[PDB]
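Input: a single structure, listed below in structure tokens.
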Amino acid sequence: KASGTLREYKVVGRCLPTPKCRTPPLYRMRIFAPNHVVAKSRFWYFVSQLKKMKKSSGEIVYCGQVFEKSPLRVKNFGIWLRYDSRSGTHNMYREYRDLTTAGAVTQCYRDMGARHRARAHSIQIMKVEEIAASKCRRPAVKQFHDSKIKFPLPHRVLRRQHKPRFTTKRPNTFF
Amino acid sequence: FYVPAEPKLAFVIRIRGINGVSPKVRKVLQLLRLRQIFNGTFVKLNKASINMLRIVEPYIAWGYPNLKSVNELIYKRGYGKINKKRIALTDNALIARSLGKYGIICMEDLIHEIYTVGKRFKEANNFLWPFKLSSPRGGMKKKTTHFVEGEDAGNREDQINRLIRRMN
Amino acid sequence: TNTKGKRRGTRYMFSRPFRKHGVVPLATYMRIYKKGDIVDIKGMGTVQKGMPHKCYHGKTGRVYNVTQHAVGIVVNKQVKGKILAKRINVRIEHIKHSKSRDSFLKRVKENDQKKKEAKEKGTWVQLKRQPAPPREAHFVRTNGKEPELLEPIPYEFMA
Amino acid sequence: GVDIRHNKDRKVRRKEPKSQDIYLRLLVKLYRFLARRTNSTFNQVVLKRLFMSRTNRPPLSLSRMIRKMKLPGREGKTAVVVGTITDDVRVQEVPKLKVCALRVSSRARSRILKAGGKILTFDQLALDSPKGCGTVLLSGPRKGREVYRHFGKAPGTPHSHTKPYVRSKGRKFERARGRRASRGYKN
Amino acid sequence: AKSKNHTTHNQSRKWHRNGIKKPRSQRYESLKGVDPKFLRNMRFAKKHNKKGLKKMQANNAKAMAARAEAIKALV
RNA sequence: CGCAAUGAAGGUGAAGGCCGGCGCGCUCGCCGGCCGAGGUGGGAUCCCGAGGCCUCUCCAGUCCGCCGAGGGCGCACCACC
RNA sequence: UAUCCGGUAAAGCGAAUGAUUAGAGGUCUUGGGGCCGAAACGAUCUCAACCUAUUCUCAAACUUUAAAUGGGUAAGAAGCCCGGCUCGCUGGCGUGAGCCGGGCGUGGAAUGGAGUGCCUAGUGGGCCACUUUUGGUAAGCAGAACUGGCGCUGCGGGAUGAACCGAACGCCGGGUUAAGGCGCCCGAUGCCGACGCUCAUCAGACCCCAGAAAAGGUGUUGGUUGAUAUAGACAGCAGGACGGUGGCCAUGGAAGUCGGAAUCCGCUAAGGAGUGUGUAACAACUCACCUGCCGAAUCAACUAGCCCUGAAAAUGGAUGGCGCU
RNA sequence: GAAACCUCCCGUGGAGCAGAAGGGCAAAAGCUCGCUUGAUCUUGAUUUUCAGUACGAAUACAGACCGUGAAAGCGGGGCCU
RNA sequence: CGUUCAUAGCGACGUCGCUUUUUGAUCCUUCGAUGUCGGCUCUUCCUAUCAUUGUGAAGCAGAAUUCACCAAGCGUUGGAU
RNA sequence: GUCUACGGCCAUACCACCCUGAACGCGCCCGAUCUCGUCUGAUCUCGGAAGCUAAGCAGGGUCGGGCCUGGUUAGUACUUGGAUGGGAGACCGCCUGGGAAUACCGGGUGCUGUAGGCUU
Ligand SMILES: [Mg+2]
Ligand SMILES: [Mg+2]
Ligand SMILES: [Mg+2]
Ligand SMILES: [Mg+2]
Ligand SMILES: [Mg+2]
Ligand SMILES: [Mg+2]
Ligand SMILES: [Mg+2]
Ligand SMILES: [Mg+2]
Ligand SMILES: [Mg+2]
Ligand SMILES: [Mg+2]
Ligand SMILES: [Mg+2]
Ligand SMILES: [Mg+2]
Ligand SMILES: [Mg+2]
Ligand SMILES: [Mg+2]
Ligand SMILES: [Mg+2]
Ligand SMILES: [Mg+2]
Ligand SMILES: [Mg+2]
Numbered sequence: 002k003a004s005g006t007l008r009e010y011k012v013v014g015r016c017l018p019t020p021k022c023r024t025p026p027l028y029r030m031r032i033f034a035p036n037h038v039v040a041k042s043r044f045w046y047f048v049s050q051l052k053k054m055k056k057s058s059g060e061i062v063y064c065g066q067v068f069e070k071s072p073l074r075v076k077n078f079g080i081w082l083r084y085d086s087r088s089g090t091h092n093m094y095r096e097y098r099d100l101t102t103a104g105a106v107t108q109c110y111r112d113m114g115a116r117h118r119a120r121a122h123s124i125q126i127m128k129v130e131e132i133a134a135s136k137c138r139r140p141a142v143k144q145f146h147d148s149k150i151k152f153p154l155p156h157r158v159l160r161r162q163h164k165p166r167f168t169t170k171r172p173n174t175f176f
Numbered sequence: 083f084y085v086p087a088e089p090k091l092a093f094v095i096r097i098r099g100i101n102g103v104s105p106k107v108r109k110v111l112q113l114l115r116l117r118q119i120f121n122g123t124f125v126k127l128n129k130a131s132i133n134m135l136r137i138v139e140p141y142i143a144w145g146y147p148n149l150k151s152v153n154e155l156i157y158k159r160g161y162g163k164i165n166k167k168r169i170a171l172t173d174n175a176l177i178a179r180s181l182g183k184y185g186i187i188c189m190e191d192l193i194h195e196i197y198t199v200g201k202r203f204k205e206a207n208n209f210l211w212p213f214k215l216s217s218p219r220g221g222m223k224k225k226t227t228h229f230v231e232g233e234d235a236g237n238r239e240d241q242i243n244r245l246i247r248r249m250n
Numbered sequence: 002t003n004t005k006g007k008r009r010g011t012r013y014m015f016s017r018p019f020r021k022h023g024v025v026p027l028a029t030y031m032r033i034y035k036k037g038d039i040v041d042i043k044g045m046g047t048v049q050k051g052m053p054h055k056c057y058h059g060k061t062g063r064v065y066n067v068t069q070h071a072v073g074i075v076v077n078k079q080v081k082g083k084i085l086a087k088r089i090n091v092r093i094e095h096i097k098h099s100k101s102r103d104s105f106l107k108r109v110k111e112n113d114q115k116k117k118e119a120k121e122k123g124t125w126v127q128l129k130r131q132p133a134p135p136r137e138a139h140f141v142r143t144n145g146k147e148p149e150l151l152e153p154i155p156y157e158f159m160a
Numbered sequence: 002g003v004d005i006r007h008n009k010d011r012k013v014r015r016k017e018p019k020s021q022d023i024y025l026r027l028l029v030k031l032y033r034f035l036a037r038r039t040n041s042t043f044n045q046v047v048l049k050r051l052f053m054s055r056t057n058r059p060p061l062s063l064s065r066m067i068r069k070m071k072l073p074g075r076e077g078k079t080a081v082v083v084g085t086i087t088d089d090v091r092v093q094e095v096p097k098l099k100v101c102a103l104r105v106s107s108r109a110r111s112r113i114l115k116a117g118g119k120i121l122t123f124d125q126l127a128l129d130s131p132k133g134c135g136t137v138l139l140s141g142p143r144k145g146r147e148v149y150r151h152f153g154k155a156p157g158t159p160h161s162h163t164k165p166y167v168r169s170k171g172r173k174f175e176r177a178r179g180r181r182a183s184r185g186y187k188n
Numbered sequence: 002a003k004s005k006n007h008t009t010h011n012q013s014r015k016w017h018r019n020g021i022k023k024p025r026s027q028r029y030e031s032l033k034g035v036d037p038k039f040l041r042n043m044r045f046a047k048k049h050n051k052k053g054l055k056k057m058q059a060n061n062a063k064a065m066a067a068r069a070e071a072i073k074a075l076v
């Protein structure tokens with residue numbers, strides 16, 4: 002895999018039926034992926050690690066997007082992981098604070114890139130769970146649990162640095 | 083759940099060029115009529131066709147076209163293969179002349195057969211000359227790798243139309 | 002450089018497989034090869050008289066002669082860049098009827114049956130073989146129970 | 002780029018004859034035309050035979066030609082041969098024919114006409130029958146040249162019946178080590 | 002001055018330039034190397050086929066006449 | 001030089017068939033008549049050709065083509081006997 | 001799509017061959033050495049080889065198993081199916097082969113015009129790469145497999161370069177791309193691009209590639225697992241740290257303190273038959289449990305990202321350069 | 001007496017088959033007897049190295065003449081390399 | 001080991017490195033020739049620091065001294081064979 | 001139900017011990033005149049038919065060994081093809097398709113041709 006911004010996909014699939022299994026059991030997976038074509042690949046990869054079930058043995062029954070039913074809320078996601086190291090694999094549990102499960106998943110991947118130089122193919126998302134204000138462990142997130150939350154905007158470095166490339170005025174960063 | 087049909091027909095594009103190519107690849111690619119880079123064909127899927135399209139995964143991009151994609155290819159870039167000379171399908175009386183035995187008598191009939199994969203698909207399609215597409219406007223994500231891992235190669239099923247737009 | 006001896010490197014080739022040593026079971030002999038019969042050659046340790054050369058093991062061919070207890074049996078042999086059809090006398094023991102052909106014939110017989118029939122009827126039937134097609138549209142009913150979720154599972158170092 | 006071998010993309014047949022004898026080129030002018038404006042494959046062939054080498058359009062014997070028209074079907078029919086007719090002194094009874102060839106050697110000519118035959122040139126053949134309707138287009142044996150006895154699988158290579166090139170046959174020019182099994186071996 | 006001892010590197014590619022032709026098939030292949038007794042006998046069977054001709058000709062005429070009677074009964 | 005070869009040499013040296021009769025038709029020996037370079041597959045080409053396809057009308061109806069289902073004689077060359 | 005072949009990766013060694021650890025169980029056998037025995041398969045150990053179930057780890061020249069990739073056939077008219085002749089072969093009659101004569105047409109996908117014969121030049125120093133692989137500590141070393149390159153070959157990129165990555169060349173106009181790029185050198189980010197991480201008195205800065213390791217770091221940033229704790233902590237200072245007891249072995253002296261087997265009880269609020277320091281040996285000092293001030297959170301062990309330590313060469317010097325935080 | 005010879009039982013071969021190893025082999029390809037010279041006379045074909053030339057080596061047949069066995073058969077050198 | 005005490009100074013059993021002032025491997029470059037050893041003279045560069053500067057360490061009381069840092073500024077000598 | 005003779009496939013048929021075997025068979029069995037062969041009528045050969053299923057043989061039994069066939073092992077190990085993926089290397093992760101073998105746990109434990117018997 003790679004990225005861009007992920008979505009959620011509900012893939013479901015079954016080992017396709019034989020004489021010896023006339024109505025095989027469907028399976029479902031929260032895939033997070035930049036598009037349905039890869040979602041489905043990703044689905045298989047996971048299924049096969051779990052069940053004896055390869056793409057050629059099976060079919061994907063229903064792959065489709067899953068939209069955030071609470072977009073305009075802001076939520077704290079816990080999110081459990083299983084990345085790889087330059088050494089051996091680890092598990093983690095990180096927390097993000099976002100408007101959409103996708104958003105938080107993407108916002109995870111990026112972080113893992115930064116904090117651990119973990120590429121996507123290295124990473125497995127095992128669950129993403131919206132959470133209460135409480136239950137949140139990470140004080141990164143918990144500093145945004147406040148009702149009278151206030152902060153200034155301090156050394157507010159200018160952009161538009163080349164609009165006026167040259168000029169009279171030295172700028173001003175206090176706002 | 084309505085599991086719909088697996089696709090009958092896919093369009094296939096050689097996306098990488100003609101040096102250093104492995105010997106088994108090259109054979110297959112020339113069975114597909116993809117001897118220049120950026121040529122493309124319609125390929126009726128079936129186990130036999132599919133396993134060939136696997137063996138050239140890294141060289142081709144391919145997928146299941148739209149209807150529109152068929153039209154946009156066939157009107158704009160569709161040339162008959164008539165007495166082995168490549169010939170622009172300017173008028174119907176060229177299609178008919180060579181596929182009339184098959185009840186294919188006009189531009190429209192040819193598309194029909196390509197798109198639905200009728201009985202005569204083999205001979206209608208054969209008769210079309212391998213689609214000399216342009217280089218893709220807006221370029222490619224990565225020529226090397228598979229679609230799924232951020233590239234352009236391999237099967238991208240639906241998306242292949244997006245590519246057909248920028249390259250027709 | 003290597004030795005050009007005849008049997009070289011047939012330690013596991015001409016080697017009677019595990020618990021199949023000993024007497025050559027008679028059927029082997031009492032079954033009949035005519036001219037035009039297709040045969041897959043396969044060496045056998047026990048019978049040495051008339052053992053075929055190692056290049057022709059697995060290789061498969063047609064029978065052009067039949068002596069008292071042997072068969073001359075045309076085979077192909079790629080030599081660098083020029084396949085030679087060539088003819089080797091093999092004792093029966095190192096030889097089996099190929100079944101490659103049987104399945105074609107079975108299908109011919111089936112066509113000639115289905116040609117005689119469905120002529121008087123009028124309906125022309127699909128005789129040709131046709132490749133394994135795209136797997137059709139269909140419904141999947143998930144009666145009642147919803148499909149099962151599959152969480153990917155945590156790593157833990159086993160050993 | 003485009004993968005094709007250009008190895009075998011030019012074809013090597015003759016278009017025109019390599020000869021510069023004006024009367025052959027005239028014939029060709031006639032048959033080139035006839036072989037386009039008509040359908041008569043005959044003309045296509047006749048024309049194709051007019052571009053070949055003297056080796057490649059070999060002399061038809063009167064005797065062979067006699068025996069090819071006797072054949073049951075082509076009675077009241079014209080022979081055609083894009084090389085030459087020769088005599089056969091080892092044939093006696095000579096039927097009356099109707100022939101076309103570029104040449105009919107003097108002896109063979111006499112024989113044909115004495116017997117009440119007929120001899121035609123090609124430009125005559127074209128007027129008569131511009132579609133080659135009513136013809137038996139024959140040929141001399143292509144493989145008659147001694148040359149061919151030397152080609153094949155090389156001699157001294159088992160089961161090669163291949164005349165070797167030797168200055169002068171006889172006891173002591175080849176026929177030792179390699180043929181006498183007594184001496185060395187044999188093939 | 003030691004030197005390369007052997008290889009097969011470009012060899013494939015040469016072979017395939019001109020084809021690797023599967024050796025040319027024919028109906029009516031030779032009887033070279035066929036258990037002599039067999040051959041003799043068949044040569045003899047061949048020798049005396051012309052004897053037992055008049056019988057065969059006659060038999061084929063009766064078969065042809067039976068075909069014509071069968072085609073007349075059909076029509 | 002070519003139209004004859006083969007064998008170390010002495011030397012020998014390229015036809016066969018059929019039919020009828022006579023010798024026991026003995027797949028052998030001798031006498032009359034006829035044909036005369038054998039056969040199988042493939043083979044460019046030629047030939048025959050049911051049949052259509054129309055003609056400003058309903059039929060009759062020779063002429064000209066176009067194609068031709070199907071069948072033939074089959075060069076050269078190849079494979080084989 | 002049918003159908004054979006195979007003994008490589010893997011696996012196996014409670015299956016053969018070989019190799020090999022350990023305990024259980026066995027006077028199997030017997031021994032050689034013992035101790036208690038005159039001696040005794042008596043008792044007691046022992047080590048030898050052998051055995052019964054087990055167990056540790058192996059094989060290029062082992063193997064029951066056994067892939068992937070791979071090599072053969074076959075997928076029709078030279079085929080099917082009837083009728084009759086020939087044979088000096090074979091044979092109770094029959095086989096089998098050979099001959100005639102008729103009857104039946106598309107027989108998996110995709111692609112492609114095939115077949116065939118002469119004459120024939122150069123060549124027969126090679127090298128490079130992925131993967132496989134032998135030699136060797138290695139090598140820009142030697143030698144093999146596979147494909148593809150270079151050699152014969154320019155072009156964009158990799159600053160530079162045989163062989164990398166892209167792509168393969170008639171002469172040009174427009175458009176588009178690949179691979180790589182876009183402070184400036186230098187075409188293009190002069191986007192109000194997004195999220196992190198990171199400061200180096202040796203920063204880093206992109207396939208082939210031209211440079212570093214083990215081991216460390218309260219530098220920082222993430223994780224993982226345990227802990228702690230208003231029953232009053234954590235640190236910080238303050239108070240005590242004993243008795244049975246020179247405890248047993250060791251004397252050369254070890255009363256906690258060169259070492260080693262021990263390693264419990266009392267009083268307990270609580271103190272180890274004792275962390276050290278120091279003693280010839282003690283003594284003396286030092287290191288839990290609890291309080292007072294104090295007053296809510298706090299600590300440990302792992303792990304991985306960037307940074308640092310580890311890190312030394314000779315003309316002055318090279319993320320291509322300038323420079324960049 | 002650990003070893004002599006006798007007897008019974010177990011024994012997939014752990015022996016033996018001239019030699020290196022690998023294959024193969026149990027009413028045998030081992031051992032023991034009996035008779036014997038197929039290790040003889042001769043056309044070609046084919047495999048193996050291969051250039052698909054030789055040599056050597058081998059594989060099928062065919063015709064002689066013999067051996068052996070009740071016979072089927074087997075044998076024209078050494079179980080095979 | 002160092003009275004004692006692992007690490008003042010040492011460091012076995014093991015292990016990871018750098019260097020090209022050793023020697024090997026190698027055979028790319030040069031055989032229509034790059035003058036083949038030393039010493040002499042002269043310059044410069046390196047640091048892996050003997051001395052001197054400024055420093056941390058000791059089993060540094062002083063004296064002598066090792067161990068380590070910054071450090072290549074300046075020196076590093078005359079003779080017998 | 002089942003046997004004998006000649007068999008095919010060659011353990012689902014082998015090995016070990018246990019029970020049960022009607023009728024026909026097949027056996028052991030009792031003899032050495034002849035045939036034939038031994039140190040020995042044990043084997044072999046021959047002539048028999050008083051006994052007997054003890055044995056062979058057959059059928060079954062056994063939380064039996066073995067063999068047979070499933071599951072698990074495990075989508076594990078491996079592996080085709082791919083990337084200017086990672087990693088100082090050792091190696092690893094991914095994409096694309098292919099995919100094993102033990103230990104372990106279940107089930108199975110001869111089928112069958114030709115000819116001729118018995119149970120009439
Ligand atoms: Mg390339
Ligand atoms: Mg070299
Ligand atoms: Mg050489
Ligand atoms: Mg091997
Ligand atoms: Mg292994
Ligand atoms: Mg050169
Ligand atoms: Mg015997
Ligand atoms: Mg004989
Ligand atoms: Mg012997
Ligand atoms: Mg000490
Ligand atoms: Mg100089
Ligand atoms: Mg220094
Ligand atoms: Mg007795
Ligand atoms: Mg019994
Ligand atoms: Mg009993
Ligand atoms: Mg069992
Ligand atoms: Mg590549």
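Residue numbers (PDB author numbering), protein chains in the order written: chain S, 2 to 176; chain F, 83 to 250; chain T, 2 to 160; chain Q, 2 to 188; chain b, 2 to 76. No residue lacks a Cβ here, since even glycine has one placed at the ideal position from N, Cα and C.
{"Item": "C-beta contact flag for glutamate 195/F and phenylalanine 203/F at 8 Å", "Value": "yes"}
{"Item": "DSSP bridge partner residues for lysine 187/Q (one or two, in chain order)", "Value": "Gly179/Q"}
{"Item": "Boundaries of the beta strand (DSSP E) in which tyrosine 94/S is found, first to last residue", "Value": "93 to 99"}
{"Item": "Within 6 Å of ligand 1: residues by beta-carbon to any heavy atom", "Value": "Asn101/F, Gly102/F"}
{"Item": "Spatially closest choice to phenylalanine 140/T from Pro18/S, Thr6/S, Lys55/S, by CA coordinates", "Value": "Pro18/S"}
{"Item": "Boundaries (first-last residue) of the alpha helix (DSSP H) holding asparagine 90/T", "Value": "Premise fails: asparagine 90/T lies in the beta strand (DSSP E), 85 to 91, not in any alpha helix (DSSP H)."}
{"Item": "Chain S within 8 Å of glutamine 241/F, Cβ atoms only", "Value": "yes"}
{"Item": "Buried/exposed call for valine 47/Q, threshold 16 Cβ in 10 Å", "Value": "buried"}
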